[PDB]
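K.L.:
this one's experimental. Sequence and coordinates below.
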Amino acid sequence: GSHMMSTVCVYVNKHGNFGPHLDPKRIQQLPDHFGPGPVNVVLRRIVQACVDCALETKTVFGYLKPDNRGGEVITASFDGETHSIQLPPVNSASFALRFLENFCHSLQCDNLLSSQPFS
């Protein structure tokens, strides 16, 4: 007797900031928004988009450890190899927004998304 994860909608603003630990061109390639869709997939799709776009992904992939709670999965390219980690599982809509808020902060990227919908 338990529901699924929550739902959110971010608006990926490539006019805001790119990184500068993220490739500015790939920041213009990725979509205009992620949502409306599930909390856990919206947060991971910002994060792994950033790590994939990342200048010096080898170091950027250090700003997220594998978290053995068994939540989401971030994929990336390190030393020519393809490496993936685990995230913690979420159920609150605030934790979507707050998850990538911490990660983008360590990359100095901000205004790259906006959880506030145009209704």
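P.N.:
Sure thing, it's come through. Residues are numbered from 1 along each chain as shown.
K.L.:
next secondary structure after the host helix or strand of residue 45?
P.N.:
Using DSSP states H and E, residue 45 sits in helix 39-53. Next helix or strand after helix 39-53 toward the C-terminus (DSSP H and E): helix 57-60.
K.L.:
contacts for that next one?
P.N.:
Contact partners of helix 57-60, identified using CB atoms under 8 Å, 6 or more residues apart in numbering, comprise 21, 50-51, 54, 76-79, 107. Heads up, the C-betas are built off the backbone N, CA and C, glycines and all.
K.L.:
in its sheet, what does whatever helix or strand comes next after that helix sit against?
P.N.:
Remark: after helix 57-60, the chain's next helix or strand is strand 73-78, criterion DSSP H and E. Partners of strand 73-78 in the sheet, by DSSP bridges, are strand 81-86 (antiparallel).
K.L.:
how far off helix 39-53 does the strand it pairs with point, in degrees?
P.N.:
Strand 81-86 and helix 39-53 are oriented at 150 degrees to each other (axes from the mean of the first three to the mean of the last three CA atoms, to 10 degrees).
K.L.:
can you give me the buried ones in strand 81-86?
P.N.:
Burial within strand 81-86, assessed by neighbour count using 16 or more other CB atoms under 10 Å, is assigned to 85-86.
K.L.:
thanks again, I'm all set now.
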